[PDB]
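One file, upload.pdb, is given below (PDB, N, CA, C and O atoms).
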```
ATOM      1  N   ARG M   1     -41.499  30.168 -57.518  1.00  0.00           N
ATOM      2  CA  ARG M   1     -40.175  30.044 -56.920  1.00  0.00           C
ATOM      3  C   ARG M   1     -39.987  31.065 -55.802  1.00  0.00           C
ATOM      4  O   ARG M   1     -40.649  32.102 -55.776  1.00  0.00           O
ATOM      5  N   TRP M   2     -39.082  30.762 -54.878  1.00  0.00           N
ATOM      6  CA  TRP M   2     -38.806  31.652 -53.756  1.00  0.00           C
ATOM      7  C   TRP M   2     -37.338  31.583 -53.353  1.00  0.00           C
ATOM      8  O   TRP M   2     -36.775  30.498 -53.203  1.00  0.00           O
ATOM      9  N   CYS M   3     -36.720  32.747 -53.179  1.00  0.00           N
ATOM     10  CA  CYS M   3     -35.317  32.818 -52.793  1.00  0.00           C
ATOM     11  C   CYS M   3     -35.125  33.758 -51.606  1.00  0.00           C
ATOM     12  O   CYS M   3     -35.585  34.899 -51.624  1.00  0.00           O
ATOM     13  N   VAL M   4     -34.444  33.268 -50.575  1.00  0.00           N
ATOM     14  CA  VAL M   4     -34.191  34.063 -49.379  1.00  0.00           C
ATOM     15  C   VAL M   4     -32.699  34.137 -49.074  1.00  0.00           C
ATOM     16  O   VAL M   4     -32.001  33.123 -49.088  1.00  0.00           O
ATOM     17  N   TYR M   5     -32.217  35.343 -48.800  1.00  0.00           N
ATOM     18  CA  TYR M   5     -30.806  35.551 -48.494  1.00  0.00           C
ATOM     19  C   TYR M   5     -30.544  35.392 -46.999  1.00  0.00           C
ATOM     20  O   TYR M   5     -31.330  35.845 -46.168  1.00  0.00           O
ATOM     21  N   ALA M   6     -29.432  34.745 -46.666  1.00  0.00           N
ATOM     22  CA  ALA M   6     -29.063  34.528 -45.272  1.00  0.00           C
ATOM     23  C   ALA M   6     -27.548  34.499 -45.103  1.00  0.00           C
ATOM     24  O   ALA M   6     -26.807  34.371 -46.078  1.00  0.00           O
ATOM     25  N   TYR M   7     -27.094  34.621 -43.860  1.00  0.00           N
ATOM     26  CA  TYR M   7     -25.666  34.613 -43.564  1.00  0.00           C
ATOM     27  C   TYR M   7     -25.271  33.338 -42.824  1.00  0.00           C
ATOM     28  O   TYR M   7     -26.089  32.730 -42.134  1.00  0.00           O
ATOM     29  N   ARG M   8     -24.011  32.943 -42.971  1.00  0.00           N
ATOM     30  CA  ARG M   8     -23.506  31.742 -42.317  1.00  0.00           C
ATOM     31  C   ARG M   8     -21.998  31.835 -42.100  1.00  0.00           C
ATOM     32  O   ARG M   8     -21.298  32.535 -42.830  1.00  0.00           O
ATOM     33  N   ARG M   9     -21.506  31.124 -41.091  1.00  0.00           N
ATOM     34  CA  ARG M   9     -20.083  31.126 -40.776  1.00  0.00           C
ATOM     35  C   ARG M   9     -19.392  29.902 -41.370  1.00  0.00           C
ATOM     36  O   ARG M   9     -19.931  28.795 -41.336  1.00  0.00           O
ATOM     37  N   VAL M  10     -18.196  30.108 -41.912  1.00  0.00           N
ATOM     38  CA  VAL M  10     -17.432  29.022 -42.513  1.00  0.00           C
ATOM     39  C   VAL M  10     -15.937  29.213 -42.288  1.00  0.00           C
ATOM     40  O   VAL M  10     -15.347  30.187 -42.757  1.00  0.00           O
ATOM     41  N   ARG M  11     -15.327  28.276 -41.567  1.00  0.00           N
ATOM     42  CA  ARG M  11     -13.900  28.342 -41.280  1.00  0.00           C
ATOM     43  C   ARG M  11     -13.551  29.637 -40.551  1.00  0.00           C
ATOM     44  O   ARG M  11     -12.404  30.083 -40.571  1.00  0.00           O
ATOM     45  N   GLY M  12     -14.549  30.235 -39.908  1.00  0.00           N
ATOM     46  CA  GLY M  12     -14.327  31.472 -39.182  1.00  0.00           C
ATOM     47  C   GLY M  12     -14.572  32.698 -40.039  1.00  0.00           C
ATOM     48  O   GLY M  12     -14.126  33.797 -39.706  1.00  0.00           O
ATOM     49  N   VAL M  13     -15.282  32.512 -41.148  1.00  0.00           N
ATOM     50  CA  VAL M  13     -15.585  33.612 -42.055  1.00  0.00           C
ATOM     51  C   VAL M  13     -17.074  33.663 -42.380  1.00  0.00           C
ATOM     52  O   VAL M  13     -17.679  32.649 -42.729  1.00  0.00           O
ATOM     53  N   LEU M  14     -17.659  34.850 -42.263  1.00  0.00           N
ATOM     54  CA  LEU M  14     -19.079  35.034 -42.544  1.00  0.00           C
ATOM     55  C   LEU M  14     -19.303  35.373 -44.014  1.00  0.00           C
ATOM     56  O   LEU M  14     -18.711  36.315 -44.543  1.00  0.00           O
ATOM     57  N   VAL M  15     -20.163  34.600 -44.670  1.00  0.00           N
ATOM     58  CA  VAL M  15     -20.468  34.820 -46.079  1.00  0.00           C
ATOM     59  C   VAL M  15     -21.958  35.063 -46.287  1.00  0.00           C
ATOM     60  O   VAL M  15     -22.779  34.712 -45.439  1.00  0.00           O
ATOM     61  N   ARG M  16     -22.301  35.666 -47.420  1.00  0.00           N
ATOM     62  CA  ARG M  16     -23.693  35.959 -47.740  1.00  0.00           C
ATOM     63  C   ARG M  16     -24.216  35.007 -48.811  1.00  0.00           C
ATOM     64  O   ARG M  16     -23.757  35.030 -49.954  1.00  0.00           O
ATOM     65  N   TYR M  17     -25.177  34.172 -48.436  1.00  0.00           N
ATOM     66  CA  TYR M  17     -25.761  33.211 -49.364  1.00  0.00           C
ATOM     67  C   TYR M  17     -27.284  33.315 -49.371  1.00  0.00           C
ATOM     68  O   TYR M  17     -27.855  34.257 -48.822  1.00  0.00           O
ATOM     69  N   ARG M  18     -27.933  32.340 -49.997  1.00  0.00           N
ATOM     70  CA  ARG M  18     -29.389  32.321 -50.078  1.00  0.00           C
ATOM     71  C   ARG M  18     -29.901  30.906 -50.330  1.00  0.00           C
ATOM     72  O   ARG M  18     -29.118  29.976 -50.522  1.00  0.00           O
ATOM     73  N   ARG M  19     -31.221  30.750 -50.325  1.00  0.00           N
ATOM     74  CA  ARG M  19     -31.838  29.449 -50.552  1.00  0.00           C
ATOM     75  C   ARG M  19     -32.996  29.560 -51.540  1.00  0.00           C
ATOM     76  O   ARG M  19     -33.927  30.341 -51.336  1.00  0.00           O
ATOM     77  N   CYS M  20     -32.931  28.775 -52.609  1.00  0.00           N
ATOM     78  CA  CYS M  20     -33.973  28.784 -53.630  1.00  0.00           C
ATOM     79  C   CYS M  20     -34.641  27.417 -53.738  1.00  0.00           C
ATOM     80  O   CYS M  20     -33.997  26.426 -54.082  1.00  0.00           O
ATOM     81  N   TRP M  21     -35.935  27.372 -53.444  1.00  0.00           N
ATOM     82  CA  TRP M  21     -36.691  26.126 -53.509  1.00  0.00           C
ATOM     83  C   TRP M  21     -37.897  26.268 -54.430  1.00  0.00           C
ATOM     84  O   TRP M  21     -38.268  27.376 -54.818  1.00  0.00           O
TER      85      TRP M  21
END
```
Give the structure from the file, written as C-alpha cells.
Amino acid sequence: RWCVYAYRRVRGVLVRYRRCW
C-alpha cells in the first residue's frame, strides 16, 4: 500500500488530504 499527502482548494479553502491506492 502507498499513501501520499497533498493539498487542494475547495470553496476558497485549502485543506490537507492524501491518496491511498
List as a PDB file with N, CA, C and O atoms, in the coordinates of the input the protein and nucleic acid residues near residue 6 in chain M, meaning an atom at most 4.5 Å away when all atoms listed in the file are counted, but skip any in the same chain fewer than 2 places from it.
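Result file follows (result_3.pdb):
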```pdb
ATOM      1  N   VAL M   4     -34.444  33.268 -50.575  1.00  0.00           N
ATOM      2  CA  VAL M   4     -34.191  34.063 -49.379  1.00  0.00           C
ATOM      3  C   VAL M   4     -32.699  34.137 -49.074  1.00  0.00           C
ATOM      4  O   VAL M   4     -32.001  33.123 -49.088  1.00  0.00           O
ATOM      5  N   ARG M   8     -24.011  32.943 -42.971  1.00  0.00           N
ATOM      6  CA  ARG M   8     -23.506  31.742 -42.317  1.00  0.00           C
ATOM      7  C   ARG M   8     -21.998  31.835 -42.100  1.00  0.00           C
ATOM      8  O   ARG M   8     -21.298  32.535 -42.830  1.00  0.00           O
ATOM      9  N   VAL M  15     -20.163  34.600 -44.670  1.00  0.00           N
ATOM     10  CA  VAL M  15     -20.468  34.820 -46.079  1.00  0.00           C
ATOM     11  C   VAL M  15     -21.958  35.063 -46.287  1.00  0.00           C
ATOM     12  O   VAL M  15     -22.779  34.712 -45.439  1.00  0.00           O
ATOM     13  N   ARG M  16     -22.301  35.666 -47.420  1.00  0.00           N
ATOM     14  CA  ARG M  16     -23.693  35.959 -47.740  1.00  0.00           C
ATOM     15  C   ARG M  16     -24.216  35.007 -48.811  1.00  0.00           C
ATOM     16  O   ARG M  16     -23.757  35.030 -49.954  1.00  0.00           O
ATOM     17  N   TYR M  17     -25.177  34.172 -48.436  1.00  0.00           N
ATOM     18  CA  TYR M  17     -25.761  33.211 -49.364  1.00  0.00           C
ATOM     19  C   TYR M  17     -27.284  33.315 -49.371  1.00  0.00           C
ATOM     20  O   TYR M  17     -27.855  34.257 -48.822  1.00  0.00           O
ATOM     21  N   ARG M  18     -27.933  32.340 -49.997  1.00  0.00           N
ATOM     22  CA  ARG M  18     -29.389  32.321 -50.078  1.00  0.00           C
ATOM     23  C   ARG M  18     -29.901  30.906 -50.330  1.00  0.00           C
ATOM     24  O   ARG M  18     -29.118  29.976 -50.522  1.00  0.00           O
TER      25      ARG M  18
END
```
(Q) Can you tell me, as number ranges by chain, which residues in chain M count as strand (DSSP E or B) by DSSP? (A) M: 3-10, 13-20
Q.
Quick check, in Å to one decimal: how far apart do atom N of residue 21 in chain M and atom N of residue 9 in chain M lie?
A. 19.4 Å
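Atom N of residue 20 in chain M sits 13.1 Å away from atom O of residue 7 in chain M.
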Q. How many Å lie between atom N of residue 13 in chain M and atom C of residue 1 in chain M, rounded to one decimal?
A. 28.8 Å
